[PDB]
């Protein structure tokens, strides 16, 4: 079971979740929200210290390469690197921090891969402009990106504009799990649009720059997990087509095909919720397509035709057109109430092959989150997280079958190397290959670390 020459091996993370709030000028939404309602976060642990990567990034990266990693994805937080948002002025301390990150990657044998935005808009832009709802905010985001390209381009040649913008859209405006946690379909569709726009314009800026700061790849981190219909009835079929259009197609098509999907646009319009567009905006989207993509996957999604069609809906939602469906007998991680279905990785792979011009891609995230990990430490104090080895194994296997079937995939990144701060859930469920003890910030590789070393070191299952 041999992976391509050059396969990415490593894990994913973000600034907000690993760094801590050390020395960081601004508050992002999550920073803010924790300060306001600490009681919303598991065990009261917000992002102030997170997994202390502000201090430990060098030792970390030396641990990870020793652990067979050749790539590493984190993010650059707008709230640390940028002093004046309106001019996008550089915070010198932020600059010297992200240089530590990049420099450490290279020193260690590790490909620096960098996302620009991970659920971490600055609170100020929200308060001032309505955040991603604002097309000035978008320009300001453009401004921010150029700085990163200008300051780190000479050594980071792998760039991603967002991690899962759809999750930002749902979190903030539909399901109340990102601040401001309102429920408003119209803003949501408009935010949907603006991130798609901000992606395009960011890609522009990247490609406009000096040949030596624009000779790498740029893309974005999305999702293509299939929405499986409950049955083959035309109606269940129909809910699953919508669930895919919204959840999957919106961004996949903007990024790869330079267009929103005609069908979804037609629906949104019919429902009086289409985004305010601009023909020049639409051209930039068309003109700026990803060199490539990461796709994240933890769990399938299953849907059916709605049990109830409402005459009145207070706010618009894509769930007007489908319901969750639970499949009897499915395999589940109880801790999270999330289905385990590793076959979807293959489906995702074939979906790239057959619907997204087989353009290059990696699984930018994959992992399983458990709690009470304490309980699996053998005599030696090392967590024997067999469940994670198996989980990863089973996903990697299908990833392999996808490659064998022709799927242009070039890497697997585990979410995540060191147990990190999972938002509202904070440290409730651990996902790391390497344990972090959140009191002492001492790391302790788990069984999966050493299993994943073999996998990466021999390029095989």
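As a proxy for reagent exposure, 157, 259, 5 were ordered by neighbouring Cβ count within 10 angstrom, fewest first; the result is 5, 259, 157.
With both labels modelled 7 Å from their Cα along Cα-to-Cβ, the residue 48 to residue 234 distance reads 6.0 nm. The fewest-to-most ranking of 307, 154 by surrounding Cβ atoms within 10 Å reads 307, 154.
Label zone (residue 55, point 7 Å along Cα-to-C-beta; backbone nitrogen cut-off 14 Å) within segment 1-32: 19-23. Between residue 182 and residue 269, what is the FRET efficiency for a Förster distance of 25 Å, r being their Cβ-Cβ separation, to the nearest 0.05? Calculated value: 0.65.
Note on segment 292-322 and segment 90-151: Cα centroid distance 31 Å, given to the nearest whole angstrom.
Starting from one equal scatterer on each C-alpha and no solvent at all, send me the Debye-based log10 I(q)/I(0) for the chain at q = 0.10 Å⁻¹, two decimals. Taking Cα atoms of the chain as identical point scatterers yields -0.70. Between residue 124 and residue 404, the C-beta separation translates, for a Förster distance of 60 Å, into a calculated FRET efficiency of about 0.75. Label-to-label distance, residue 84 versus residue 394, with points set 7 angstrom from Cα along the beta-carbon direction: 5.5 nm.
Please give the contour-minus-distance gain from residue 326 to residue 66: 0.36 nm per residue of separation, less the Cα-Cα distance, rounded to one decimal in nm. Walk me through the numbers on the way to the answer.
Values: separation 260, 0.36 × 260 = 93.60 nm, distance 4.13 nm.
Taking residue 326 through residue 66 to full extension adds about 89.5 nm, to one decimal.
In plain terms, the residue of 225, 416, 49 with the fewest other Cβ atoms within 10 Å comes first and the most crowded comes last, giving 49, 225, 416. Extending each Cα 7 Å along its Cβ direction at residue 355 and residue 284, get the distance between those two points in nm, one decimal. Here the modelled spin labels are 2.8 nm apart. Computed on the chain, with alpha-carbon pairs under 8 angstrom and 6+ residues apart, the relative contact order is 19 percent. Using the average count of surrounding beta-carbon atoms within 10 Å as a protection proxy, the listed peptides 372-385, 173-186 rank, highest first, as 173-186, 372-385. On the basis of the beta-carbon distance and an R0 of 22 Å, residue 36 and residue 437 show a calculated FRET efficiency of 0.20.
Taken together, the values in this text are just the output of simple stated rules run on the coordinates, not laboratory data. No Cβ is skipped: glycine too gets one built from the backbone with ideal geometry, and neighbour counts run over all protein chains shown.
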